[PDB]
Ligand SMILES: *O[C@H]1[C@@H](O)[C@H](n2cnc3c(=O)[nH]c(N)nc32)O[C@@H]1COP(=O)(O)OP(=O)(O)OP(=O)(O)O
């Protein structure tokens, strides 16, 4: 119901990630520390 | 098929066997547009009566098979377990399975156990008596008699008693259903006449034969199809609206803050007042002589207006301002022009009484209150009215009289004093932000969260989880008086309507 | 496991320093006066009110100088804090009663010295 | 016995409640949380005398609130087994005796009350009295009871008094 959809300071909202969010990107043989690095999210249409 | 009722019953009975508290169903504040001080029973009032007596209520058993009455969270937030026990419908009694479920539940949770159905008599009493006979080894006679004496009427369905005695005693010894309150088997078709003053010759009409007749005649005179008060209802004003007020040569009058009352003049001593709550009051010594025959008296006449309190220093004098007339001697004057009806008031009501007021045949110091008419003016002079005491302006179109809501009767009344009804649960913060920081939360109708907050004071803790009249001023809700028998707030829609008025006033 | 008749206290109540009823009354009334000032602070606990009025009813030393004198006269005596406080609070009048209400005083002091101390108590008791 | 001790308690302050004055918020928090409480090991926490030391604020990893270990002088009380204590009588019952020691309810059963002090409901206040009518223990009296022992419980150390030994009863 729309009644319990208010927001006051203190609530958490698990929102879908948008542009500018930080993610960890890695491949499998993490032989060194550059095989697992942080990127910024950009939302592009296709599924890759 | 056939009806139940809710308004006149007691909120609770006496505890049974020191364990069970029989109750009628609490209602949510979602219904506060339908009920008020006298007939509002609300979960906070229950938990609060218990807190004031330092009593915990353990488990509350709901037998109504519905969730439209109140919010179970209002009970569960106080540490009281809530159980909705579905019972057999179709008017039948709780089955042996229902009784076993009730017994299994209640043998778990000194603290009371609240049991309620829509009314708190038949299902509640049946289950309580079954528990007494099985769990507490009572005799069924003792259980039935004790519930009848604790809950004031008690069980009143004959088949209920017959089944109780069949299960736990001798069915041939089952008592007949008790004679019900003759006075309560009656709301099938306010007690104070004027607030703050005591008025002679005015006594409320509760006599069942004549009450319905007076209400019926008012209905038929107004052409009112629905049930309830048939008088015209002015509405809020706030928009680009004063030009609408000068569209159908509306007349203006100052609005004194008074009590709406239609007056039906049906005969010699038949003078009656009807308020917005359809309550009827008989007035004795008010005389309305026929204009043509000063000896004869008026019949089939309906008026409309307010009862106002005038102050002649040292004492308050009641006054009845007649600001419209609906019917006169069965002539539909209400269908005529508003000026025609104003002249009808002046010439056919005030003047015939005022002739005998100078003859000594009518003594104004004998009559219950002063009867006058409300002056009306054009809007050109309303502007001067903005340049006895008025809390605003009324704005009346010149068309024919219309019952019910009139979108075209505009109320323009200085506000700056807009209270709201508010359930005050004081909560001291403990948890995430554990601070002293104990703030009083105000609640409204059909709205689960608090509607606002109020600053806690020494005085305010007195009425906690109670109902507490709170004016709005200085960007804060300010307590003014406790609504000592209303249970919790006004509906959220009503509260939002009030706030819409305060922020966009007229 | 614990026993106040033989000073059998838990290890937590080893550094426990006792207080007199008049001391508690004075300090809690000072706290109440602090609560009277320094606004935007709510009322204290029900425990606070109950303890304050309870020790106000049973107060025996009406002066803080009396408190200091009793504390100085008893602190120089070879007593435990518990025995000292219990003697200064119950205030017996016969040495037999002193040994009966507190059975841990058996042989700590001579009964004539104990009666002298009890007479000093009755001398320093602020009467009403 | 009324005790003046030092106690250690940890306060959780969230960043919304820092304010310009941070330590006064902690002092109000401590006066709020522990005043009027009761613990099984330290008894009735009557009041906090003087907040002595404020520890270093350890920011919990992942959590937002800071944690303050606080040492404070405090006035407390603890009932003890065998301690003779003055009390106020609140109710005289045919089963026992409801008395009060500060905020503590003390229940003295009649079975541990000597045969001289019989119960009487026929008096306008139901009371404890002898056949000599000399020792009259009724409501709102000043009596003494030797604590048999106390039911140490969650936020409760309600005690059981004794009248069996000598010099016990009305003052
Ligand atoms: O989930 C609710 C609700 O969706 C449904 N319900 C109730 N009234 C209506 C209605 O008028 N129209 C529709 N489409 N659906 C409705 O009933 C569900 C709950 O049933 P209840 O048991 O609460 O019905 P209840 O016992 O309250 O009726 P009553 O005994 O008060 O008369």
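Per Swiss-Prot, chain B residues shown: 5-113, 119-198, 229-426, 435-553, in order.
Determined via electron microscopy, 3.9 Å.
Keep in mind that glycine also has a Cβ here, set from the backbone N, Cα and C atoms.
The annotation active site, phosphocysteine intermediate is assigned in Swiss-Prot to B:126. Proximity of residue B:126 (active site, phosphocysteine intermediate) to non-local residues of its own chain (separation of 6 or more, Cβ distance below 8 Å) is seen for B:28, B:29, B:67, B:68, B:91, B:132, B:133, given in sequence order.
Residue B:294 (active site, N6-GMP-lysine intermediate) is surrounded by 21 other CB atoms, counting those within 10 A of its CB over all protein chains shown. Per Swiss-Prot, active site, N6-GMP-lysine intermediate is recorded for B:294.
The Cβ of residue B:528 (GTP binding site) lies under 8 Å from the Cβ of B:515, B:516, each of which sits 6+ residues away along the same chain. The GTP binding site annotation in Swiss-Prot covers B:299, B:315, B:343, B:344, B:345, B:458, B:459, B:460, B:528, B:529, B:530, B:531, B:532, B:533.
What Swiss-Prot records for B:330-386 is region 'Interaction with POLR2A', and it gives similarity to another entry as the kind of evidence.
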Among B:343, B:345, B:532, the binding-site residues in question, whose Cβ has the most other Cβ atoms within 10 Å in this structure?
B:343
In DSSP terms, the region 'Interaction with POLR2A' (B:330-386) comprises 13 helix, 28 strand, 16 coil
Largest C-alpha distance in Å for the GTP site residues B:299, B:315, B:343, B:344, B:345, B:458, B:459, B:460, B:528, B:529, B:530, B:531, B:532, B:533, as a whole number, is 32
On a simple 10 Å Cβ count over all chains shown, which one of the binding-site residues B:299, B:530 is most densely packed?
B:530
Near residue B:294 (active site, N6-GMP-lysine intermediate), which binding-site residues out of B:343, B:459, B:530, B:532 have their CA within 10 Å?
B:459
Reduce the DSSP letter at residue B:528 (GTP binding site) to three states and note it down.
strand
